[PDB]
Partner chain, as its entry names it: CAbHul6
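Only one chain is given next, in structure tokens, and it is the form deposited without its partner chain.
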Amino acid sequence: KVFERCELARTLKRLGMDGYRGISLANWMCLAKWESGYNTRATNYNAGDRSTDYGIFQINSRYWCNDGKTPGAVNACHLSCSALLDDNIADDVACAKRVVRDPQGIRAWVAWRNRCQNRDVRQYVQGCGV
């Protein structure tokens, strides 16, 4: 599914993302926009290291979910990577929450540093009623 901006905003709020490990909702919105364009079925193969990023938050198979074909991988979220390609993001959110629990936090995603860090991210949630 491709979420509309305000629709995702309200969904992440309800799921408890606003201020999770000090991350504002506008930040999570900035991340999903640059990672998948708010698309839950997005997948990106990294030819470079043989891993794949899955879902709205583009969660990598090397550390967070199991896809079986990623060499030397771990499955920190305890999920089949397949679980992150459904229209529901309850699983994506529980895993993203796990990712940010490591020291790196949201910096774990380079796009966040390139596209969201130290920027006015309010645009992502303006007028959504969150």
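Residue numbers count along the first chain shown, from 1.
Task: Between 31-39 and 80-88 (mean CA B-factor, as deposited), the higher - done: Here the higher of the two C-alpha B-factor means belongs to 80-88.
Open item on the list: Comparing average C-alpha B factors as deposited, tell me which of 1-9 and 120-128 sits higher.
Closed with: The recorded data point to 120-128.
Open item on the list: Given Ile59, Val93, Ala26, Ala47, identify the residue with the highest C-alpha B factor in the PDB entry.
Closed with: Reading the PDB entry, the winner on C-alpha B-factor is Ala47.
TODO: Among all modelled residues of this chain, ranked by Cα B factor, put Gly68 in the bottom, middle or top third, i.e. lowest, middle or highest.
DONE: According to the entry, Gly68 has a C-alpha B-factor in the chain's middle third.
Keep in mind the form solved in complex with its partner chain is missing from the figure; the text below concerns it.
Open item on the list: At 4.5 Å, heavy atom to heavy atom, what parts of 1-37 sit next to its partner chain in the deposited complex? List them in sequence order, or say none.
Closed with: Stretch hits, in order: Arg14, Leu15, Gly16, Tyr20.
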